[PDB]
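# Summary of the model geometry
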Amino acid sequence: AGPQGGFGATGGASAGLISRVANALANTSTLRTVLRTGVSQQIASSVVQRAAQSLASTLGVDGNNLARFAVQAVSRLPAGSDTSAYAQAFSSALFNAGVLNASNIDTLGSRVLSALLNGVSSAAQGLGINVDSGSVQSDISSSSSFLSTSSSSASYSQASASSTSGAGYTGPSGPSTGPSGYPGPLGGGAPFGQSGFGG
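Bringing the overall build of the protein chain into the picture now. The number of helices and strands found in the protein chain is 11 helices and zero strands. For the protein chain, the N- to C-terminal ordering of α and β elements is α-α-α-α-α-α-α-α-α-α-α. The globule rule puts the C-alpha radius of gyration for 199 residues at 16 Å, and the 17 Å found for the protein chain is close to it. Considered along the principal axes of its C-alpha atoms, the protein chain spans approximately 55 × 35 × 35 Å. When each of the 199 residues of the protein chain is scored for burial, the buried share is 36%. The long-range share in the protein chain, meaning contacts at least 24 apart out of those at least 6 apart in sequence, stands at 67%.

Rendered as structure tokens:
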């Protein structure tokens, strides 16, 4: 991880909203421990700019340094800091689904992270970064499928919520709530800072 000329694209204010953002309804490994799809170059800095050949294009990204070199570079990185220290927790703010707090990016995102979110606007926020099917796809596909609403009870889609035991709040806004299905997924499991909510 190397800050471009001292840029240091990272936001501490967004660290409050991250877990509550759309990734909460995803519950996928992308925020849990496995690197997010289209991970930010802030953590890599080696060759993986966007992973996807579009912005990653720099050393001839098309198969060769896509499946090899890239994954190996990030995979050779010291994991002593744990995966959570990487672009794991900030996955929501770095991926930018748009169903998050818009004032976050308007106020601190574009100012503090500056260059990062500018490039992410065209990348993840723009078209949606997709990484090679080697590792990332294998993980996310097998993860997102079961972990869709596997926060506590996937069978009941936690629509009933664990408020019965007086949970109050567990993580994202409150207890095990916010169903990935049913009309109005915003029922209970909705962030206090959410813009573009709805379908």
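Read on for the rest.
Right, let's talk about helix 10 (residues 115-127) for a bit. With 13 residues, helix 10 extends 18 Å between its outermost C-alpha atoms, agreeing within 8% with the 18 Å of an ideal straight helix rising 1.5 Å per residue. A bend of about 45° at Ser121 is the largest found in helix 10. Taken together, the buried positions of helix 10 are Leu116, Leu117, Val120, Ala123 and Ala124. Positive phi appears at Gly128, one or two residues downstream of helix 10, with a value of about 95°.

Let us now look at the environment of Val120. Structurally, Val120 can be placed in helix 10. Given a relative accessible area of 5%, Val120 falls into the buried group. Spatially, the C-alpha atom of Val120 lies 15 Å from that of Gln4, the residues being 116 residues apart in sequence. Other than its neighbours up to four places away in sequence, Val120 contacts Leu94, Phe95, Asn96, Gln125 and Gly126.

Turning next to the packing of helix 9 (residues 102-113) against helix 10. Packed helices, taken two at a time, are described by the angle between their axes plus the distance between the axes. Relative orientation of the contacting elements helix 9 and helix 10 amounts to 115°, with a least axis distance of 5 Å. Classified by the interaxial angle, the pair formed by helix 9 and helix 10 is roughly perpendicular. Seen from helix 9, the contacting residues are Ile105, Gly109, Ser110 and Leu113; seen from helix 10, they are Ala115, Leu116 and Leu117. Classifying every residue of the contact of helix 9 with helix 10 gives five nonpolar, two polar and no charged.

Moving on, we come to the side chain of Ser91. Relative to the assigned elements, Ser91 resides in helix 8 (residues 91-95). Accessibility expressed as a relative area gives 1% for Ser91, which makes it buried. Not counting residues within four places of it along the chain, the set of residues in contact with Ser91 comprises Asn23, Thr30, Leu31, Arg36 and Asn96.

Moving on, we come to the environment of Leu17. Its location among the elements puts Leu17 in helix 1 (residues 14-17). Here the alpha-carbon distance between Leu17 and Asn104, two residues 87 residues apart in the chain, equals 8.9 Å. Apart from residues no more than four positions distant in its own chain, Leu17 is found in contact with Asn101 and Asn104.

With 27 residues, the main nonpolar core has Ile43, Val48, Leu113 and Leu116 as its most contacted residues. Among the elements that make up this core, the one with the highest residue count is helix 10 (five residues). If sequence neighbours within four positions are ignored, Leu113 has contacts with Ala9, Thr10, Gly11, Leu94 and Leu108.

The next subject is the side chain of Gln88. Take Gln88: it is sitting in the loop between helix 7 (70-76) and helix 8. Reaching out from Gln88, the side chain makes a polar contact with the backbone nitrogen of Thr33 at a distance of 2.8 Å. Those residues within four positions of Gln88 in sequence are excluded, and the remaining contacts are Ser29, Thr30, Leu31, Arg32, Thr33, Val34, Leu35, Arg36 and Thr83.

One can find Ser114 in the loop between helix 9 and helix 10. Between the alpha carbons of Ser114 and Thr10 there is a distance of 9.0 Å; along the sequence they are 104 residues apart. Setting aside chain neighbours within four positions, we find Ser114 in contact with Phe7 and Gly109.

Cut-offs and rules
- Residues numbered from 1 in each chain as written, not as in the entry; some residues may be left out.
- Heavy atoms only, no water.
- Helix = DSSP H or I, 4+ residues; strand = E, 2+ residues; numbered from the N terminus.
- Rg over C-alpha atoms; globule rule 2.2 N^0.38 Å.
- Buried < 20%, exposed > 50% of the residue type's maximum accessible area, 1.4 Å probe, protein only.
- Contact = heavy atoms within 4.5 Å.
- Expected span 1.5 Å × (residues − 1).
- Bend = angle between axes of the 7 residues up to and from the residue.
- Axes fitted to C-alpha atoms, helices over the stretch in contact; angles between N-to-C directions.
- Parallel < 35°, antiparallel > 145°, perpendicular 65-115°, else oblique.
- Nonpolar A, V, L, I, M, F, W, Y, C, P; charged D, E, K, R; others polar.
- Core = buried A, V, L, I, M, F, W, Y, C linked by side-chain atoms within 4.5 Å.
- Polar contact = N/O pair within 3.5 Å; in protein donor to acceptor, adjacent residues only side chain to side chain.

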